[PDB]
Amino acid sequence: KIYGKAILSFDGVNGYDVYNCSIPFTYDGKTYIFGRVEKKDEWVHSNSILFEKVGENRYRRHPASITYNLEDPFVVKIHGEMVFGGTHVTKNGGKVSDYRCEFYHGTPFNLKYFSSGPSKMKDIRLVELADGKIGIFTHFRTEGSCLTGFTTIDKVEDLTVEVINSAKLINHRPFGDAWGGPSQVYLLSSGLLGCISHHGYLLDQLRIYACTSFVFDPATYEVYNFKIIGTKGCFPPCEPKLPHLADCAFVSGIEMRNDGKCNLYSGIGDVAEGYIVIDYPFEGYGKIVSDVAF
């Protein structure tokens, strides 16, 4: 059941493609989003840019903000401030040789770099837990595997490679043979975590990247209610960056609506950002109590 859909327009980036966004967030009575900005015919040449919402389905580069030399930007609120992250790619003579999540904290126009995750780990996401501890999802996929970890820290400055690498494995069984992990994590009223996730399947081969969700219990490390909630075909049509990404959606996360439905934001085809209007995916596990109101 899809109740609506749109592709976002992004002004102020010279017609470049904008995709794999953060969720939208608010600051000083405006709405913002971070976008991954890249030329359609260029690969691994992304920057992350802060955009201000200026109209229905329309954002414009905010000229005051610095830009970040990162792919796949994401935001969360921890202890009353923004934590911003993205992938920082290292190349060796034009070839990708490493990639690591970089983390910034502060206010949206005043972000300060404070840590990187481990070498070759992309899928790190944070959330504030009901008791005020910080939850960390990790993704182990450097050794052929594709496993999700979870750990906690007290303070964002404690986010270290050692903490991330030591995260206890979650019950990954429900995910089947999917690679990926959360894009956005929500605290629910139950104290459980609602995860909006990206899972890729190779289907004997078709490359599928699907919008998924699951509920996680920080007390037991159990995963519940794993499901698909979006595919690229749900969004308005758009030619993918190359034909091999014709069924690739890289989820951004959800935004609750007054009516109790939500906007599911996703990168699509590595060329655009859209949303589909869907039913609340964590129905029966509590309402979202986290926000990104800065």
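Residues carry their position along the shown sequence, with the first being 1.
Unmodelled deposited residues between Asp204 and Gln205: 4 to 9, per the record. 257-265 and 59-67 differ in mean CA B-factor, and the higher of the two is recorded for 257-265.
Averaged over Cα atoms, the B-factor as recorded in the entry is higher for 205-213 than for the other of 126-134 and 205-213. In this entry, the residue among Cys146, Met82, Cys101, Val96 with the greatest C-alpha B factor is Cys146.
If you compare the C-alpha temperature factors of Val251, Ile228, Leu50, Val37 in the entry, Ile228 comes out highest. Sort the chain's modelled residues by C-alpha temperature factor and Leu169 lands in the highest third, per the entry. Compared with the other modelled residues of the chain, the Cα B-factor recorded for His45 ranks in the lowest third. Among the modelled residues of the chain, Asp72 sits in the lowest third by CA temperature factor in this PDB entry. Residue-level temperature factors show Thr220 in the highest third of its chain, judged at the C-alpha atom.
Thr87: CA B factor in the lowest third of modelled residues in this chain (values from the PDB entry).
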